[PDB]
Amino acid sequence: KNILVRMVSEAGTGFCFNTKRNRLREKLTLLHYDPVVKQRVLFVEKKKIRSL
Amino acid sequence: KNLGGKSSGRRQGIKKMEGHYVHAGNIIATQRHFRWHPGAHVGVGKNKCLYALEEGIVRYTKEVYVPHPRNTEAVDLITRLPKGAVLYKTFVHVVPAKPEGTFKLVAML
Amino acid sequence: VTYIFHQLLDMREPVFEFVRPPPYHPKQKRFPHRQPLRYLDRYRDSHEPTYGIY
Amino acid sequence: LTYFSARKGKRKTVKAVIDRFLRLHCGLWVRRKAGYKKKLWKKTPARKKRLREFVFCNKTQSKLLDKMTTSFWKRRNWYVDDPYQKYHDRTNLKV
Amino acid sequence: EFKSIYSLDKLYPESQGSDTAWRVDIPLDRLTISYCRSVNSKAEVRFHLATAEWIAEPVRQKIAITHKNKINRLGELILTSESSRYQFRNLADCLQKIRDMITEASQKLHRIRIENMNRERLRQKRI
Amino acid sequence: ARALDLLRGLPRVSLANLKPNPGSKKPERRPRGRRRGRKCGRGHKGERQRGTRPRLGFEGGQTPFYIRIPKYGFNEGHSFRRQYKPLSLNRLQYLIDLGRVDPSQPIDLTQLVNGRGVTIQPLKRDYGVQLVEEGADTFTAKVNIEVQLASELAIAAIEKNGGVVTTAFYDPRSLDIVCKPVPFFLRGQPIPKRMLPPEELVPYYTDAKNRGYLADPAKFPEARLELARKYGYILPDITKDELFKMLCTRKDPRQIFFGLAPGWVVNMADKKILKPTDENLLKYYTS
RNA sequence: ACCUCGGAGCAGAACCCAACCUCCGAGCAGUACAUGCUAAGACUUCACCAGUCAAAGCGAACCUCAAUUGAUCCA
Ligand SMILES: [Mg+2]
Ligand SMILES: [Mg+2]
Ligand SMILES: [Mg+2]
């Protein structure tokens, strides 16, 4: 029912973090926090890691 | 046909009885539902565990329970009471021992 | 008040500072089981490389 | 372990022990916590902060690890820019 | 003596003289450097700020105003360091504090802001 | 002593009077009698009496402590890390005060070994000595040391007093010949040439800030001047005093001993030095 | 028939307490993306391993649920 996807930062890059989201809804874009930029930055999900 | 029920004891209850000296951050008592409530200088974790916020001596009292107005469970439990009826609970306090610092002479400029 | 102490009282001014009590740490153990590695720094007093008999 | 080898007649170290643990010269063994890189998606950040720690060992774990290594591993090591070097000598014990 | 390919006459042939390795702002005869093994030591540089020829006059005024809480009754700027066991490193810390004061002088507060604004709101009382 | 005066009155010490110091010899316990052996200390019949208790670390079937724990590289490259024995300035002042290290000569690593100030072992991969800033205050010695690493504050403490520090490099082979030179001159080999540092250490020994032996002798007065400004001492010029000719001597790279050259064969027996005169050997040794 | 985890009784009032003992359940879902980083002091399932709680701090705003799970090596 849910999927564990990775979220890649759009800036200050190379920073990922994993989230859960439903199988059926759209591809996530979030405002997470980059500790490399040390700001809140949009992340875009790039790959589903595992269907939990 | 009674499977399960093999869980062990949580080892909860009071860790610091009344009168005990307590340093900052010591867990006073871990409960599963609010048997004791945090009073003066006592904090609460996510697990409803009471820890200490100052160094001092643990005291248990009985106080008037007046819940937060956004706590619709306990607030709805209030308004069903008759007109004199006042709820009490047992609270835990830490009476702080030390002063929080002294002024000391540093230099005669 | 600098002017009051120096000019007309004729003494050096006293300067105070609000000194908080030193932080409680428990008694140091030989085997600090399951503590992090920071535990050894709670109980030291110099942050400089000591070299011993060498 | 092997108490007397067939070639030298010496004790041998167990190399699992060296591969997982760090002997500080004062006698403390440092280790890493089990599962610190497993299933991080379902662990709270407090717990993940707890697992990413260098945790000391027990007394009997320490003596078990002493018996499973040899005197080479118990020795002063004056490395160049060692990260753990300030943790070898034991400061300020009152026993 | 013996000189191979990698002698310093061949690696660096521009500097070949023996005296080349040894031929040579704050003056230290002016400062008063004192010590107290108070565990750290504690170095203490004091110098009379008014007579300091080696600081500019406007920089002596900026130092005389900003760092007025270090200045003695006798006009001496007193500044210490007890950050190290080695009194070289504490003396270096003191001198670096001085050089920082001259460079910054050449070129919790909130509560006091509010208490001063309210003190001026009570100052609104004339004859 | 009253004790030899006691020995007058006593019978002569013989092989029939001798006795160990009480406490030396604990008595052997062996399994005979009612107490030391019926079950003989093994307990009741199980696996620990039979003699077959499993190996050290076996927890009886659950996964053992020393295996439940993730491999982490604490000891990953341990035998290729370089080690440097510390020599504090407290220690070196101590050696100079007690005549063990003569400061009116250059202090190479051989002079710290022969004074037995520092024990360094080239197996166990010590790459030599590092100077250590301990005892920098109360270090009152004009000295010329050649030490493989040196902290800034130790360079400052030596160079304050009119000293010279340089940091040389030694191969394990070269370091091994340096520390104990006399068991090398019984080995019959010609003196080899010490090798230059590897690529990790060339940026170390070519910097004038840490007094590299491959660095410019044209960038040294800037670095000596910078430390003299940082730690608040007036930099003395070494050029003026009488020890200057002593305080200037270095052996170049590819020279292990001081007055000698690579390719020489020291004949310890009749006190000679055999030198090669073949051109191919001279191209090889003076490289 | 069962094998792991949790709740209640047994086990009435600190903690602990068995049974092929009596009854319920779990192997998730939902919300949020600072579910960031650090760090005094503690609790702890009777060991260990695992688990929990946490002030101050830096950085920002201005998690619910009881259980809801799996070591090491290897990929
Ligand atoms: Mg039960
Ligand atoms: Mg049980
Ligand atoms: Mg326990």
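Residue numbers start from 1 in every chain, and the chains themselves are labelled A, B, ... in the order their sequence lines are given, proteins ahead of strands.
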* Asked: Which nucleotide, G:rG6, G:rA39, G:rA50, lies nearest any side-chain atom of C:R38?
  -> G:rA39
* Expressed in angstrom and rounded to an integer, what is the separation of D:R47 atom CZ from G:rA71 atom P? -> 10 Å
* Asked: For A:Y33 and G:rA34, do the ring centres fall under 5.5 Å apart while the planes stay under 30° apart?
  -> yes
* Conformer about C1'-N of G:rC33 - syn within 90° of 0, anti elsewhere -> syn
* Measure from the side chain of B:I27, starting at C-beta and using heavy atoms only, and say which of G:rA42, G:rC23, G:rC33 lies closest. => G:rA42
* Round to a whole Å and report the spacing from NZ of C:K27 to P of G:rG41. => 16 Å
* Watson-Crick or G-U counterpart of G:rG41, or none if no pair lies under 3.5 Å -> G:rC53
* To do: Give the intermediate values and the outcome of side-chain hydrogen bond (donor to acceptor under 3.5 Å, both in side chains) for residues E:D100 and E:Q96.
  => CA-CA 6 Å; E:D100 284 332; E:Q96 186 55 48; 3.0 Å; yes
* **Distance, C1' atom - from G:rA34 to G:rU44, rounded to whole angstrom** => 29 Å
* Contact under 4.0 Å: D:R20 side-chain N or O vs G:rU72 OP1/OP2 -> no
* **Pairwise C1' distance, G:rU68 and G:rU4 [rounded to whole Å]** => 13 Å
* Minimum-distance nucleotide (side-chain atoms of C:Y24 versus G:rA60, G:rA42, G:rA50) -> G:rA42
* To do: Please figure out whether C:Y43 or B:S8 has its closest RNA chain G nucleotide nearer the 5' end.
  => C:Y43
* Find the distance D:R31:CZ to G:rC49:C1' and express it as a whole number of Å. => 7 Å
* To do: Check whether any side-chain nitrogen or oxygen of D:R52 sits under 4.0 Å from OP1 or OP2 of G:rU38, and answer yes or no.
  => yes
* To do: Using the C1' atoms only, state how far G:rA61 lies from G:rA66, rounded to an integer number of Å.
  => 31 Å
* Asked: If you pin D:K48 and D:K43 to their nearest nucleotides in RNA chain G, which one's is more 5'?
  -> D:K48
* To do: Any strand is fair game: report the nucleotide pairing with G:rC23 by Watson-Crick or G-U wobble, both distances under 3.5 Å, or none.
  => G:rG7
* Rounded off to whole Å, could you give me the CZ-to-P distance for the A:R25 and G:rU31 pair? => 8 Å
* To do: Compare the minimum distances between each of G:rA50, G:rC23, G:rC33 and the side chain of A:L30, then state the nucleotide with the smallest one.
  => G:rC33
* Structure fact -> Here the distance between atom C1' of G:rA71 and atom CD of F:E59, to the nearest Å, is 12 Å
* Structure fact -> Separation of G:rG6 atom P from B:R10 atom CZ, nearest Å, is 10 Å
* To do: Compare all side-chain heavy atoms of F:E133 with those of C:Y51 and state whether any distance is below 4.5 angstrom.
  => yes
* Taking OP1 and OP2 of G:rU72, is either one under 4.0 Å from a side-chain nitrogen or oxygen of F:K71? -> no
* Is C:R34 side chain donor-acceptor paired with the G:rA50 base, going by distance under 3.5 Å alone? -> yes
* Who pairs with G:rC58 - Watson-Crick or G-U, where each distance is under 3.5 Å -> G:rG36
* To do: Output, in order, the C-alpha distance, side-chain angles, deciding distance and verdict of side chain to side chain contact (heavy atoms under 4.5 Å, CB included) for A:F15 and A:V41.
  => CA-CA 11 Å; A:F15 190 80; A:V41 160; over 6 Å; no
* Asked: Counting only Watson-Crick or G-U wobble pairs whose two distances fall under 3.5 Å, which nucleotide matches G:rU72?
  -> none
* What is the sugar pucker of G:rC5, north (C3'-endo side) or south (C2'-endo side), as given by the torsion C1'-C2'-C3'-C4'? -> north
* Asked: Which base, if any, makes a Watson-Crick or G-U wobble pair with G:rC63, both distances under 3.5 Å?
  -> G:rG30
* Using distance alone, with no hydrogens and no angle criterion, decide if E:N40 and E:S83 have a side-chain donor and acceptor under 3.5 Å apart. => no
* Please measure how far the P atom in G:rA13 lies from the corresponding atom in G:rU38, and state the result in whole Å. => 44 Å
* Report yes if the base rings of G:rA13 and G:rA14 sit with centres under 5.5 Å apart and an interplanar angle under 30°; otherwise report no. => no
* **Atom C1', compared across G:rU22 and G:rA18: separation rounded to whole Å** => 14 Å
* **Distance, P atom - from G:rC20 to G:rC15, rounded to whole angstrom** => 26 Å
* C:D41 bridged to C:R44 by N-O distance under 4.0 Å -> yes
* Asked: For G:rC46, does the glycosidic angle fall within 90° of 0 (syn) or outside that (anti)?
  -> syn
* **Outcome for G:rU35 when its sugar is typed by the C1'-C2'-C3'-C4' torsion** => south
* Structure fact -> When F:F65, F:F74, F:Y66 are each screened for ring-ring contact (aromatic ring centres under 6.0 Å, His included) with D:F21, the one that passes is F:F65
* Below 4.0 angstrom from OP1 or OP2 of G:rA71, is there any side-chain N or O of D:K39? -> yes
* Asked: At under 4.0 Å, does any side-chain N or O of B:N26 touch on OP1 or OP2 of G:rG41?
  -> no
* To do: Provide the distance between the two P atoms, one in G:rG6 and one in G:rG27, to the nearest whole Å.
  => 15 Å
* To do: Determine whether any donor atom in the side chain of F:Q62 lies under 3.5 Å from an acceptor atom in the base of G:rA47, or the reverse, and answer yes or no.
  => yes
* Structure fact -> Separation of G:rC43 atom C1' from C:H33 atom NE2, nearest Å, is 14 Å
* Does B:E18 use its side chain to pair, donor to acceptor, with the backbone of B:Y60 at less than 3.5 Å? -> yes
* To do: Choose from G:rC33, G:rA29, G:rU22 the nucleotide whose nearest atom is closest to any side-chain atom of A:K1.
  => G:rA29
* Spell out, as yes or no, whether a donor-acceptor pair under 3.5 Å connects the side chain of B:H93 to the backbone of B:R59. => no
* Asked: When you measure from the side chain of C:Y39 to the backbone N and O of C:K29, does any donor-acceptor pair fall under 3.5 Å?
  -> yes
* Would you state whether a donor and an acceptor, one from the side chain of F:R68 and one from the base of G:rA50, lie under 3.5 Å apart? => no
* Structure fact -> Between CG of B:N47 and P of G:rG6 the distance, given in whole Å, is 14 Å
* Could you work out the separation of G:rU64 and G:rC3 based on their P atoms and round it to a whole Å? => 31 Å
